[PDB]
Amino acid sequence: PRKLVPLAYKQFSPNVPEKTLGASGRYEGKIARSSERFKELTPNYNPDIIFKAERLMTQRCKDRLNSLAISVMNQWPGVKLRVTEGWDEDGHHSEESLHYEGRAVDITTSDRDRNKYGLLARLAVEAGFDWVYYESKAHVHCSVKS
């Protein structure tokens, strides 16, 4: 067994830029409702995840999130994974955010205990998200390749 080490504030894993090939890969452009690429987005209705649209994400993102949902409930009995941002149609992030193509989620615990977020980030990496960034005290940013 291995010690699960929480990510530090502002740490990202792996320790490379999000868009690198060993991470979540290149930005592919915004996905609009009208896009053909919009049909690669699937809604996530996992009853074990709290959703603050936020539900629309790629299959790989869905798989990683659902895996995380289990691990969080294990880590903290009685607590659930919570999503506060998923697919963004409204330019609320940087120039080229993976949020714009349904390949990123910002997450917390259901109890909004910010002291848990570093460990939540570690669980996200263990759950297979291709890039995990303890971006803010308000949430952890998790993304996947396409």
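Numbers for residues come from their place in the sequence shown, where the first is 1.
Gap check for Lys52 to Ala53: 4 to 9 deposited residues are absent from the model.
Averaged over Cα atoms, the B-factor as recorded in the entry is higher for 29 to 37 than for the other of 29 to 37 and 56 to 64.
The PDB entry reports B-factors from which the mean C-alpha value can be compared for 41 to 49 and 115 to 123; the larger average falls on 41 to 49.
In the deposited entry, the Cα temperature factor of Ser94 places it in the highest third of its chain's modelled residues. Annotation for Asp88: C-alpha temperature factor in the middle third relative to the rest of the modelled chain, per the entry. Per the deposited record, the Cα B-factor of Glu18 falls in the middle third when ranked against the other modelled residues of its chain.
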